[PDB]
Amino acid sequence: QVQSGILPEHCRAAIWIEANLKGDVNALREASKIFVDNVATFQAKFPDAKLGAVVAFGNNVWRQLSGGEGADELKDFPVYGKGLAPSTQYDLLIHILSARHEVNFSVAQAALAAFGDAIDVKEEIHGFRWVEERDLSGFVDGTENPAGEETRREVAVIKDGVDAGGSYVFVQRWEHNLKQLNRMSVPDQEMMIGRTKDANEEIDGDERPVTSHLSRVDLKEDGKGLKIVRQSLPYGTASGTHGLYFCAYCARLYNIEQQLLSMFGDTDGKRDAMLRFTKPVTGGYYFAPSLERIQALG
């Protein structure tokens, strides 16, 4: 029932394509069915790749496709922190992930053939897992991510009603300034993130700044954690732009928005300490319907 790209863990590479609709929204209906069948064919051909993919839609095209039914939290991505976090809301998101970049490339080609000239590709980012699953800053990324299919479903997959099997998606490309990061002492970097660098040990919440990344995004409501399923990867060239392509899935958009409001100063006027070396340059919210829902479009 769930689209194949949400639940796989420990992918080695991914491709994200963000696009606008140029043609009529009805063109996305046939295109989506073609592509999900393509993914099924690639999984059969490369079973070792552990390949998954997701097709998600922006608010305006999803309202049209759904006839206004369900996805009650969906909205265009707003700016956060009054512009600290920019907004680049598009109509279509394609997320391909697997153990093999060469398979992801063939699948991305299939996606483009399926949608054809109905879409205008605005962004295409090739993510790769770095050494020790670390972000390019040198800090491990993923330790507190939900682990196992059971918990990942609980966090990311809508449980019942019209949207059952669906998920909300958030994508945001960050540009790292490693020169600025490298100017910081390792203890200062550690207080910035909220975990030790080499050992990847949590720094006690009582002993780290409230502006530390963990203090900004490890949020609880009466003791219940606001969890998300992250699929982020490093990207770029060593000599050009590089950073983290941030990608999160959640059965509720609420959990993601609460973390953004926190990071960008809207909740308590304090900003994420990571903004001293990295900045977000894109931002979008998308709705990932279930496989049955996609089949039921056309």
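Residue numbers here begin at 1 and follow the sequence given.
Of 101-109 and 184-192, which one has the bigger average CA B-factor?
Comparing averages over the C-alpha atoms only gives 184-192.
Could you settle it for me: does 169-177 or 80-88 have the higher average Cα B factor in the PDB entry?
Averaging CA B-factors over each stretch, the winner is 80-88.
Based on the PDB record, which member of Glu201, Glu144, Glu124, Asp135 exhibits the highest Cα temperature factor?
That would be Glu201, according to the entry.
Pick out which of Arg63, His242, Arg230, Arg271 has the highest C-alpha B-factor in the PDB entry.
In this record, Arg63 carries the highest C-alpha B-factor of the candidates.
Per the entry's values, where does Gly52 land by CA temperature factor relative to the rest of its chain, in the lowest, middle or highest third?
Its C-alpha B-factor, which the entry lists for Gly52, ranks in the lowest third among residues of this chain.
State the tercile, meaning the lowest, middle or highest third, of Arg208 with respect to the CA B-factors recorded for its chain.
Highest third of the chain for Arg208's C-alpha B-factor.
Relative to the other modelled residues in the chain, which third contains the C-alpha temperature factor of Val25: lowest, middle or highest?
According to the entry, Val25 has a C-alpha B-factor in the chain's highest third.
What third of its chain's C-alpha B-factors does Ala251 belong to: lowest, middle or highest?
Middle third by C-alpha B-factor.
Check where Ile94 lands among this chain's C-alpha B-factors and tell me if it's the lowest, middle or highest third.
As the PDB entry reports it, the C-alpha B-factor of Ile94 lands in the lowest third of its chain.
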